[PDB]
Structure formats: structure tokens, C-alpha cells
Amino acid sequence: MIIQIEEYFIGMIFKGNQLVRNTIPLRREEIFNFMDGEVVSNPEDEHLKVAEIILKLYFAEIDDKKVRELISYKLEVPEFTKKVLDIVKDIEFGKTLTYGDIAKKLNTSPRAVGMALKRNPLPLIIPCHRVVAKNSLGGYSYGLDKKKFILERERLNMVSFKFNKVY
């Protein structure tokens, strides 16, 4: 479950063929003491292949839907997350709005939706970035610097399909 790469310790944990929680960046190099049993996750293939994938969508360079290699997530929600998830299904790299318009879109409010995408079990897939506060930027657990970079990166570098017209 625990794995160090580049400058982040990814906590990928699943119940088999379905994800549940896989996140966390760098912090304590000796964090290996916070788990007397794991400290592996089988770095061989299963980890390298996924690692590059995760970092891929991160630096806006995954292309396509991407909703697959990230493994299907199940359960895990901080008071709410289903509604917000419905948001990703629509918004992609290019949209940006707050919680108000989102929550109101389903049947709730930006208050409950806040804690939702906030402690989302899978931040590297959920459009929490495209959900700022009234003013600008609104995060507590990881973000700001990254959310800033990813916010500008997405807008920049527009990837378009190939012009293949066969009449």
C-alpha cells in the first residue's frame, strides 16, 4: 500500500479489483514506521505502470477519458461524495466553478459538498480543483500550490484530435 516515488508517498489501497483509497504526497521519509507489516505493494509492474499513469493525468497529459486505469473506487465518503462524483462525469480539463453551482445542481449545498471533495479518497481524479470558494482557491488538506499549478496547466496546452475527414 505504501510507496515512495519522485516526491510523493502514494497510499494505494484496494479490496481487490476495486479501489477505495489511494492518495497522499511526501512528508515523512521514515513514515515506514507507521505500518509494521506493509511497505511494499509489489513495486513490480503493478506499481510502476500505475505510478506513471497517476502522474500522467496530474500534469495534464493523460488524454482520453482516463476513467479506467485509476481503478474503480468503491465506498469511502466524508459525509458525501456521490454528488460531486457526478460532477467529474461532466466537467473535464477546462471547466472551473465553485461548490454553490454544483450542490445546487443536485439537491444539496456548497457546505456539505465542501467536506466531500475536500477529503476525497481519490483527489487525483476528482474535479475538486474546479470547485473553488466565492473568492478564489479553497483547500486545507493538500492543495493551493498544486491546485494552482493544475489550474493553470489545464487551461494551457489544448490537446485536439487529428483532422481525419473521410467523405
# chains A, B, ... in the order shown; residues from 1 in each chain; ligands from 1
$ residues_around --residues "stretch 133-149 of chain A" --least-positions-apart "3" --cutoff "8 Å" --atoms "only C-alpha atoms" --output "PDB file with N, CA and C atoms, in the first residue's frame"
ATOM      1  N   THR A  98     -17.460  26.960  -8.544  1.00  0.00           N
ATOM      2  CA  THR A  98     -17.425  26.766  -7.097  1.00  0.00           C
ATOM      3  C   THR A  98     -18.347  25.627  -6.659  1.00  0.00           C
ATOM      4  N   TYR A  99     -18.579  25.533  -5.349  1.00  0.00           N
ATOM      5  CA  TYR A  99     -19.428  24.488  -4.784  1.00  0.00           C
ATOM      6  C   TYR A  99     -20.913  24.818  -4.938  1.00  0.00           C
ATOM      7  N   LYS A 118     -13.269  17.629  -0.490  1.00  0.00           N
ATOM      8  CA  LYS A 118     -12.155  18.042   0.357  1.00  0.00           C
ATOM      9  C   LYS A 118     -11.301  16.844   0.754  1.00  0.00           C
ATOM     10  N   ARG A 119     -11.901  15.906   1.480  1.00  0.00           N
ATOM     11  CA  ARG A 119     -11.189  14.711   1.912  1.00  0.00           C
ATOM     12  C   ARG A 119     -11.506  13.537   0.993  1.00  0.00           C
ATOM     13  N   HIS A 129     -10.476  20.515  -7.882  1.00  0.00           N
ATOM     14  CA  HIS A 129      -9.756  21.708  -8.307  1.00  0.00           C
ATOM     15  C   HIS A 129     -10.716  22.702  -8.949  1.00  0.00           C
ATOM     16  N   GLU A 152      -3.800  26.217 -13.838  1.00  0.00           N
ATOM     17  CA  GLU A 152      -3.267  26.938 -14.989  1.00  0.00           C
ATOM     18  C   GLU A 152      -2.823  25.970 -16.082  1.00  0.00           C
ATOM     19  N   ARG A 153      -2.270  24.834 -15.673  1.00  0.00           N
ATOM     20  CA  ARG A 153      -1.801  23.826 -16.617  1.00  0.00           C
ATOM     21  C   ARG A 153      -2.936  23.351 -17.520  1.00  0.00           C
TER      22      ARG A 153
END
$ residues_around --residues "residue A:125" --least-positions-apart "2" --cutoff "8 Å" --atoms "only C-alpha atoms" --output "NGL selection string"
:A and (57 or 70 or 88 or 122-123 or 127)
$ select_by_dssp --residues "stretch 74-147 of chain A" --states "strand (DSSP E or B)" --output "PyMOL selection string"
chain A and resi 93+95+97-98+131-132
$ write_last_selection --atoms "N, CA, C and O atoms" --output "PDB file, in the first residue's frame"
ATOM      1  N   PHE A  93     -10.903  18.824 -18.162  1.00  0.00           N
ATOM      2  CA  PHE A  93      -9.830  19.812 -18.148  1.00  0.00           C
ATOM      3  C   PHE A  93     -10.221  21.040 -18.965  1.00  0.00           C
ATOM      4  O   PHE A  93      -9.996  21.087 -20.175  1.00  0.00           O
ATOM      5  N   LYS A  95     -13.025  23.315 -17.367  1.00  0.00           N
ATOM      6  CA  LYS A  95     -14.101  23.939 -16.617  1.00  0.00           C
ATOM      7  C   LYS A  95     -13.646  24.305 -15.207  1.00  0.00           C
ATOM      8  O   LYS A  95     -12.756  23.666 -14.648  1.00  0.00           O
ATOM      9  N   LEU A  97     -15.567  26.046 -11.538  1.00  0.00           N
ATOM     10  CA  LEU A  97     -16.669  26.682 -10.829  1.00  0.00           C
ATOM     11  C   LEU A  97     -16.554  26.399  -9.336  1.00  0.00           C
ATOM     12  O   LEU A  97     -15.643  25.697  -8.908  1.00  0.00           O
ATOM     13  N   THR A  98     -17.460  26.960  -8.544  1.00  0.00           N
ATOM     14  CA  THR A  98     -17.425  26.766  -7.097  1.00  0.00           C
ATOM     15  C   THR A  98     -18.347  25.627  -6.659  1.00  0.00           C
ATOM     16  O   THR A  98     -18.826  24.851  -7.483  1.00  0.00           O
ATOM     17  N   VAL A 131     -13.507  23.463  -8.197  1.00  0.00           N
ATOM     18  CA  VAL A 131     -14.514  23.781  -7.198  1.00  0.00           C
ATOM     19  C   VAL A 131     -13.922  24.681  -6.122  1.00  0.00           C
ATOM     20  O   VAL A 131     -13.578  24.224  -5.033  1.00  0.00           O
ATOM     21  N   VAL A 132     -13.791  25.964  -6.442  1.00  0.00           N
ATOM     22  CA  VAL A 132     -13.227  26.928  -5.509  1.00  0.00           C
ATOM     23  C   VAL A 132     -14.322  27.659  -4.737  1.00  0.00           C
ATOM     24  O   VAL A 132     -15.509  27.485  -5.010  1.00  0.00           O
TER      25      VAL A 132
END
$ closest_residue --among "A:113, A:35, A:12, A:48" --to "residue A:101" --atoms "only C-alpha atoms"
A:113
$ atom_distance --atom1 "atom CA of residue A:162" --atom2 "atom CA of residue A:53"
22.9 Å
$ residues_around --residues "residue A:17" --least-positions-apart "4" --cutoff "10 Å" --atoms "only C-alpha atoms" --output "ChimeraX atom specification"
/A:71-73
$ atom_distance --atom1 "atom CA of residue A:67" --atom2 "atom CA of residue A:20"
14.6 Å
